[PDB]
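A.B. asks: Can you keep this structure in mind? I'll have questions shortly.
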Amino acid sequence: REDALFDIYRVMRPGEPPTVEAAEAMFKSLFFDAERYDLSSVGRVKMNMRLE
DNA sequence: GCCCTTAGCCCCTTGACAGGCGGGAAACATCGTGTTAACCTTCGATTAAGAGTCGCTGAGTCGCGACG
């Protein structure tokens with residue numbers, strides 16, 4: 001999982017040097033964080049309808 | 001009809017202002033510095049639902065042969 005986090009950090013921010021906790025925090029803030037990945041309720045309902 | 005005399009116009013000489021660009025002298029609003037030391041020593045967007053092609057890189061497959 002550390003290698004996957006490093007790869008994700010390099011893909012998103014190639015210039016910045018990926019770190020163990022920095023890469024894990026980047027993915028969380030990108031997708032696991034509701035502050036940035038603010039998917040509306042219409043998106044969630046559309047996902048629930050498309051894939052049950 | 002021509003010459004003399006006098007009047008009007010044009011020109012010259014002086015001048016008493018009027019103020020008027022402009023540097024100086026001065027009173028006043030800028031423009032580049034400093035300086036202070038009580039706490040955090042990775043901030044953040046933004047394509048990515050069409051499309052013809054230029055410029056580079058790095059993987060899997062083969063020949064030629066040597067040493068048992």
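Each chain in the structure tokens gets a letter, A, B, ..., in the order shown, and its residues are numbered from 1; ligands are numbered from 1 in order too.
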Using only C-alpha atoms (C1' of nucleotides) and a cut-off of 12 Å, which residues of chain B sit close to chain A? Please list them as a list in words.
C.D. replies: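 Those within range of chain A come out as residues 42, 44, 45 and 46 of chain B.
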A.B. asks: Near range 35-49 of chain A, counting only C-alpha atoms (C1' of nucleotides), which residues have an atom at most 12 Å away, once you skip same-chain residues fewer than 4 positions from it, shown as number ranges by chain?
C.D. replies: A: 26-31; B: 44-45
A.B. asks: Would you kindly return, as number ranges by chain, each protein, DNA or RNA residue with an atom no farther than 8 Å from any atom of range 6-13 of chain A, considering only C-alpha atoms (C1' of nucleotides) and excluding same-chain residues fewer than 4 positions away?
C.D. replies: A: 2, 17-20, 23, 26-27
A.B. asks: Could the residues in this selection be saved with N, CA, C and O atoms as an mmCIF file, in the first residue's frame?
C.D. replies:
data_model
loop_
_atom_site.group_PDB
_atom_site.id
_atom_site.type_symbol
_atom_site.label_atom_id
_atom_site.label_comp_id
_atom_site.auth_asym_id
_atom_site.auth_seq_id
_atom_site.Cartn_x
_atom_site.Cartn_y
_atom_site.Cartn_z
ATOM 1 N N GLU A 2 2.029 1.212 0.633
ATOM 2 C CA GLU A 2 2.930 2.359 0.605
ATOM 3 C C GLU A 2 3.394 2.657 -0.815
ATOM 4 O O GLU A 2 3.481 3.823 -1.216
ATOM 5 N N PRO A 17 8.494 15.464 -3.610
ATOM 6 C CA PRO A 17 8.967 14.129 -3.236
ATOM 7 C C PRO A 17 7.928 13.401 -2.405
ATOM 8 O O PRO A 17 7.493 13.902 -1.358
ATOM 9 N N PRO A 18 7.503 12.215 -2.837
ATOM 10 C CA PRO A 18 6.466 11.494 -2.091
ATOM 11 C C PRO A 18 6.994 10.971 -0.765
ATOM 12 O O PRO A 18 8.133 10.507 -0.666
ATOM 13 N N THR A 19 6.152 11.054 0.258
ATOM 14 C CA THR A 19 6.466 10.558 1.588
ATOM 15 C C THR A 19 5.500 9.440 1.959
ATOM 16 O O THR A 19 4.488 9.212 1.291
ATOM 17 N N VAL A 20 5.828 8.735 3.042
ATOM 18 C CA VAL A 20 4.987 7.629 3.494
ATOM 19 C C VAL A 20 3.629 8.148 3.951
ATOM 20 O O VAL A 20 2.581 7.723 3.452
ATOM 21 N N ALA A 23 1.903 10.794 1.123
ATOM 22 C CA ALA A 23 1.148 10.190 0.031
ATOM 23 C C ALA A 23 -0.199 9.668 0.512
ATOM 24 O O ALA A 23 -1.212 9.814 -0.182
ATOM 25 N N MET A 26 -2.457 12.597 0.903
ATOM 26 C CA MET A 26 -2.886 13.177 -0.366
ATOM 27 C C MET A 26 -4.098 12.442 -0.925
ATOM 28 O O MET A 26 -5.086 13.068 -1.324
ATOM 29 N N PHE A 27 -4.039 11.109 -0.961
ATOM 30 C CA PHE A 27 -5.162 10.330 -1.472
ATOM 31 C C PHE A 27 -6.405 10.523 -0.612
ATOM 32 O O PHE A 27 -7.525 10.609 -1.133
#
A.B. asks: DSSP on the backbone, then: every residue of chain A marked helix (DSSP H, G or I), written as a ChimeraX atom specification.
C.D. replies: /A:2-12,20-32,41-50
